[PDB]
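The form deposited in one PDB entry is given below as one chain in structure tokens.
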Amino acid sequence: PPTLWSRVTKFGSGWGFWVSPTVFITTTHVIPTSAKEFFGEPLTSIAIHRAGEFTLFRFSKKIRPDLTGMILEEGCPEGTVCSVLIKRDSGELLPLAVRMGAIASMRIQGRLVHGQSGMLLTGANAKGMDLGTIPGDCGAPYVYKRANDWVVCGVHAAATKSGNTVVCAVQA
């Protein structure tokens, strides 16, 4: 089968995720502000649903017919351990464990972001090791396994200078 990783796609100034052959999710601030098409489809062909830092695209034709439809939910229960599926331009894949907390407005580097808080579980200083997020990672999905089902519950919106604290933007 197609891996979860084949769904994570370079987009704008960051990334997005294919939920199904017709549905693509991303972080609002990475989307280009000058465009007549995305993925070769005209904008008149695309339904755009924006809710703060969460955006969903629905295409009128099958862009990724190789995929099956996944479960998309509005965040997850408090204490759920998600994986943020980070791709880097080196060709590195960095799945990082994050403990999910409450939906809130949080001050992240002097700016207000609304979404689900999370705390990285990869430990202290991460030195120069592949253990934390960087600005170019915005749009990377949050996913977890529930019985036999993969669930996607939002997209990477922001992170503190420190690391430890991240914000997952959610569907509303």
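Residue positions are given as counts along the sequence shown, with the first one as 1. For the two forms, the rigid core is made up of the largest set of C-alpha atoms that agree within 1.5 Å on superposition.
One more form of this protein should be noted, the form solved in complex with a small molecule, which is absent from this view; the next part is about it.
Shown alone here, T55 lies farther than 4.5 Å from the small molecule in the entry with it bound, counting heavy atoms only. Although the partner is absent from this view, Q109 contacts the small molecule in the entry with it bound, with a non-hydrogen atom inside 4.5 angstroms.
Residue contact check for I134: one or more of its heavy atoms lie within 4.5 Å of the small molecule in the entry with it bound.
Contact annotation: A157 falls within 4.5 Å of the small molecule in the entry with it bound, judged by heavy atom distances. For the residue set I134, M129, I48, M119, core-aligned C-alpha shifts between the shown form and the other one reach 2 angstroms or more at a single site, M129.
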